[PDB]
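# Inside the fold
Residue strings, one per chain:
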Amino acid sequence: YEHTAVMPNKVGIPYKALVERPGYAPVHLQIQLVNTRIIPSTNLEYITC
Amino acid sequence: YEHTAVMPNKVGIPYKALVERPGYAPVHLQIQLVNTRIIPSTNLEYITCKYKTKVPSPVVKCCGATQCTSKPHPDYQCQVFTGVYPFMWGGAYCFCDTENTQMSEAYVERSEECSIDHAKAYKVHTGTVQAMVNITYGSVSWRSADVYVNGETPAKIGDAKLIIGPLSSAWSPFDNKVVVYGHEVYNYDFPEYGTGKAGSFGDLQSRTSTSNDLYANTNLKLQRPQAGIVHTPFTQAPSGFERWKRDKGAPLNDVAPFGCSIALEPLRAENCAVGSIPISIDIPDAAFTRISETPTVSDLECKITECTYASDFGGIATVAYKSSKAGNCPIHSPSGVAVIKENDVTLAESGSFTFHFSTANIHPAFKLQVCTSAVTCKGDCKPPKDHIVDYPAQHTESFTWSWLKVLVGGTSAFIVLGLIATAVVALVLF
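For this deposition, the record names cryo-EM as the technique by which the model was determined and cites 5.8 Å as its resolution.

For chain B, the name recorded in the PDB entry is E1, with Eastern equine encephalitis virus as its organism. Its PDB record names the entry "EEEV glycoproteins bound with heparan sulfate".

In the nomenclature of the PDB entry, chain A is known as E1 of Eastern equine encephalitis virus.

## Topic: the overall build of chain B
Scanning chain B for helices and strands turns up four helices and 29 strands. Along the first, second and third principal axes, the C-alpha atoms of chain B reach 120 × 75 × 40 Å. When the 430 residues of chain B are sorted by exposure, 42% land in the buried category. Counting only carbon and sulfur atoms, one obtains 58% of the accessible surface of chain B, whose full area is about 22,700 Å². For chain B, the distance from the average site of its 35 positive side-chain charges to the average site of its 39 negative ones is 1 Å.

## What to know about the interface of chain A and chain B
Facing the five residues of chain A at the interface are six residues of chain B. Both sides of the chain A and chain B interface together cover about 360 Å² of buried area, and 53% of this is carbon and sulfur. Remark: the boundary between chain A and chain B carries zero residue pairs in polar contact. Split into classes, the residues belonging to the side of chain A that touches chain B amount to two nonpolar, one polar and two charged.

## Brief notes about the environment of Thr396 of chain B
All names here are of chain B. Within the secondary structure, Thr396 sits in the loop between β29 (381–382) and α2 (405–416). Sequence separation between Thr396 and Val337 is 59 residues, and the spatial gap between their C-alpha atoms is 6.0 Å. Non-local contacts of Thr396, meaning those with residues more than four positions away in its chain, are made with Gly336, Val337 and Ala360.

## A closer look at the side chain of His118 of chain B
All names here are of chain B. Within the secondary structure layout, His118 lies in the loop between β10 (109–110) and β11 (119–123). Polar contacts involving the side chain of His118 include one to the main-chain carbonyl oxygen of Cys114, which spans 3.4 Å. A polar contact of 3.3 Å, which involves the side chain of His118, links it to the backbone oxygen of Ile116. Excluding anything up to four places from it in sequence, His118 contacts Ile47, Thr48, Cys49, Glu113, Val180, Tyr181 and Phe241.

## Observations concerning the nonpolar core
If you look at soluble globular proteins, the nonpolar side chains tend to sit buried side by side. Residues and elements named next belong to chain B. Formed by 26 residues in total, the largest nonpolar core has its most connected members in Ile31, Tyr137 and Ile281. Residue contributions to this core peak at three residues, all from strand β22 (residues 276–282). The residues contacting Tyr137, other than those within four sequence positions of it, are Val19, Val27, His28, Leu29, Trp142, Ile283, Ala287 and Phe288. In terms of nonpolar packing, the next biggest core, distinct from the first, is built from 23 residues, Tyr321, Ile331, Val375 and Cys381 among them.

## Focus on the state of the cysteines
Residue and element names in this part refer to chain B. All chains considered together, the criterion is met by eight disulfides over all chains. Each sulfur of the disulfide joining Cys260 and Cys272 lies 2.0 Å from the other. Residues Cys260 and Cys272 are joined through a disulfide that is right-handed, its torsion about the S-S bond being 135°. On the criterion of sequence distance, the pair formed by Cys260 in the loop between α1 (252–255) and β20 (261–262) and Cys272 in the loop between β21 (269–270) and β22 is long-range, its members being twelve residues apart. In this pair, the class of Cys260 matches that of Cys272, namely buried. Linked covalently through their sulfurs, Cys302 and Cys377 form a disulfide whose S-S length is 2.0 Å. Its S-S torsion of approximately 115° makes the covalent link between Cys302 and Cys377 right-handed. Of this pair, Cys302 sits in strand β23 (residues 301–308) while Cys377 sits in the loop between β28 (355–358) and β29, and the two are 75 residues apart along the sequence. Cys302 gets classed as buried once you look at its relative accessible area, which sits at 7%.

## What about the side chain of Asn9 of chain B?
Residue and element names in this part refer to chain B. Its location among the elements puts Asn9 in the loop between β1 (3–8) and β2 (18–19). Since its relative accessible area comes to 5%, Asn9 is described here as buried. Separated by 3.4 Å, the side chains of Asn9 and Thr36 make a polar contact. Beyond its immediate chain neighbours, meaning those up to four positions away, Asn9 contacts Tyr15, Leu33, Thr36, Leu167, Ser169, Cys272, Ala273, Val274, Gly275, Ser276 and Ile277.

About the thresholds
- Residues numbered from 1 in each chain as written, not as in the entry; some residues may be left out.
- Chains lettered and ligands numbered in written order.
- Part of a larger assembly, values for the part shown.
- Heavy atoms only, no water.
- Helix = DSSP H or I, 4+ residues; strand = E, 2+ residues; numbered from the N terminus.
- Buried < 20%, exposed > 50% of the residue type's maximum accessible area, 1.4 Å probe, protein only.
- Areas by Shrake-Rupley, 256 points an atom, 1.4 Å probe, with all protein chains shown as cover.
- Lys, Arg positive; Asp, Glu negative; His and termini not counted.
- Charge placed at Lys NZ, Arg CZ, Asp CG, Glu CD.
- Contact = heavy atoms within 4.5 Å.
- Buried area = accessible area lost by both parts, 1.4 Å probe.
- Polar contact = N/O pair within 3.5 Å; in protein donor to acceptor, adjacent residues only side chain to side chain.
- Nonpolar A, V, L, I, M, F, W, Y, C, P; charged D, E, K, R; others polar.
- Core = buried A, V, L, I, M, F, W, Y, C linked by side-chain atoms within 4.5 Å.
- Disulfide = S-S within 2.5 Å.

Structure, rendered in structure tokens:
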């Protein structure tokens, strides 16, 4: 039942998928990507002023 | 109503057949062959074990010979020796120098471990298999009785009389010749009592532990002690019981076929799931309910709702029960396609109650006999995901058409088209 799901990157809205496990009752999702903060790899090269 | 039934030999799962006695209400079975312990006919041929060269203390005649004799000890190796000068606590003690004689003698004897840590050969015949068959019968709900397989033995434990077998699957997982060790059982061609080559298995061969006589081919060869000192060179193969514990073969409870377990206990081979058993029971007629007291259920409907194409009882199906009275109703699928967890279903006045089951065909078209009312619970099933735990309840695999029916009918249609092309040439011909 490991519910793989392609999923649009968009922040402020849930994505209520559905678990179709064969055998037991299905269960809904509610996946809201509340944030997409990134934090790339960087380097402080020089301050200027 | 003596309900004959062919029945698969498989241990840990009930076999809920249905008594179709004409006249009174049917009753379900629940026949779980909890065990298939075998206990073939056997013979203790010889214990073996590792020797112990329990040397009798050699003679030392100081000036002249001491002829040895062949004492009757097992493998009594004895060889006179001269040319010694035996250093014993005061330097030597025998005042001669070549007439100093030393007679070494050594015989083979059972170890103290032979009593307890010992391999054990057998000539193994077939004997007669057994079982602690539980039946939580009908409304009786219990009997856990030990039975046989030979097809005229009853066992009136509980209230029912039941005759089992003989099974058709005569594979004794034991071979003819077997060695046995503590718990690990080896279907080994042990050489024999009285013969075993030294070093090889059965260098020591005692009939039993008590048996003072034995056969000890150990190749025990005494050599002369060195440089005028008292001791006893015994040159000997360490036992074929020493090896056979670290250059052995694997155990029959780890190499057998058709699914058996083993014990150093009555020499059974438990739970050998193979073939079928023609089982037949004489129920107590008192346990029957007359037909006019169970609700008649017809004018019903059955349908799966989530069929699981699987082993565990994942298949389910509601049934639009249409009863006359209200009460219990034993159930069974006379077709072996579907195996059902529920033997009995309670009924109000024409309600509905789902049961559980398991199947093996994508389109389970199995009849369901709800206390004298048949119904097809046709439908379609889904494969599971999670298959690593013990053994199934389904045990009904067979042949299981989406490109075969009109395919092969279409395949035929080419060659069916032939003899309606040919012999119409005969018409065009005339």
